[PDB]
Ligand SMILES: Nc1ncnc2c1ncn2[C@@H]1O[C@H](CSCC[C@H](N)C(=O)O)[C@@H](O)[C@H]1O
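This document starts with one chain, in the form solved without S-adenosyl-L-homocysteine, laid out as structure tokens.
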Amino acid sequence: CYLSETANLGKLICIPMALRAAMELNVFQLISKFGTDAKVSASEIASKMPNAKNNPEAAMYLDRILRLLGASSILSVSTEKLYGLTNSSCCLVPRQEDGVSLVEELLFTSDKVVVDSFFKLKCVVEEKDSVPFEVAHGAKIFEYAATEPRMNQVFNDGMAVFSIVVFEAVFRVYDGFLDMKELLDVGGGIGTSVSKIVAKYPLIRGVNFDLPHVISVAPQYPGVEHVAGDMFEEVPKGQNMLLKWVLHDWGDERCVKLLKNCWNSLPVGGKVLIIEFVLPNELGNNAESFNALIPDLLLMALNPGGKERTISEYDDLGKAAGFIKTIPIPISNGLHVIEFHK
């Protein structure tokens, strides 16, 4: 009956926006600053909030946003209501170690520019060659970013803090980093990714490869030697090559051409490591299943032409260039490390 689905389906938008506002207001942190498995009032949390000081009602409005995150299991409740951090609410407290937390990723996935793009998802389907983001902002995404600092930050801050947790995950399972001479990181960005590798495997020689306009600003890393160029023209010579989140940006023709350029500048007895989220064929309310789908949608909103992929499809791509024995390694919740051997 309807008055069922008015709640089931009507909560769907309400939760993320309530979460977002909580993140924006620190909440998840200010709560942790009180203790281990602690349990706090709205009136308290708002008391540890500078620009609330001037607002009386600060208390009651916060209690209304929180009880939603409560009922959502995103927070935990006791009785004046008392909220406390949860398993999948701890990823929102920045570590005292660095400052890391899922916050920066999530504030990006749900940014007005991402959602305003989603608000036009119905266009990939109706109009051929429509870019939701373009339809939504009337600029090529890279044009927009060039003139929109806040948008640029949010994207970079996000795919970084993310990349970190993605790498901590690979520096836990994967062993293949022991017994490497050099990795050549393709579309390596400004080298951070590999910087990380060089420092936990000094055994390795670091080559960051990306476009000249990128490389020119890349910081200087011990082990990381930068090299500018067009990976679609020619990847540089090397033994081990990284492709973390590069193939999902690109189609099939183009994905091959890059994977080809890698075979060439790679010796026999040597592999291209490809760090991705592999799309199961059995999609379910699995984090396996959802870690592929989130990007697919983001990829449809921001990059009509990219796509996440099933282990079947990587193996088709990473073979029509001339590889064999594509050895996929499960890492966590879908993070595979599809090895492409020459």
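Quick note: we count residues from 1 along the sequence shown, nothing fancier. Whichever C-alpha set is largest while still superposing within 1.5 Å between the two forms counts as the rigid core.
There is another form of the same protein, the form solved in complex with S-adenosyl-L-homocysteine; it is not shown, and what comes next is about it.
- No atom of S-adenosyl-L-homocysteine lies within 2.4 Å of a backbone or C-beta atom here once its pose in the entry with it bound is superimposed on the site C-alphas of this chain, so the site counts as open.
- Of the candidates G206, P132, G189, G238, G189 is the one whose heavy atoms come within 4.5 Å of S-adenosyl-L-homocysteine in the entry with it bound; the others do not.
- Comment: S-adenosyl-L-homocysteine is not present in this chain, but in the entry with it bound one of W245, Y201, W263, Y144 has a heavy atom within 4.5 Å of it, namely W245.
- Every member of the trio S163, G229 and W250 reaches S-adenosyl-L-homocysteine in the entry with it bound with some non-hydrogen atom inside 4.5 Å.
- Looking at 216 to 224, 88 to 96, 168 to 176, 230 to 238, the stretch with residues near S-adenosyl-L-homocysteine in the entry with it bound, meaning non-hydrogen atoms within 4.5 angstroms, turns out to be 230 to 238.
- Contact check for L211: a heavy atom falls within 4.5 Å of S-adenosyl-L-homocysteine in the entry with it bound.
- Contact between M159 and S-adenosyl-L-homocysteine in the entry with it bound is found at the 4.5 Å heavy atom cutoff.
- Though the partner is left out of this view, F155 does reach within 4.5 Å of S-adenosyl-L-homocysteine in the entry with it bound, counting heavy atoms only.
- When the two forms are overlaid on the rigid core, CA displacement between this form and the one not shown of 2 Å or more is confined, within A71, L178, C90, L121, to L178.
- Residue displacement note: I324 has its CA displaced by at least 2 Å between this form and the one not shown (rigid core superposed).
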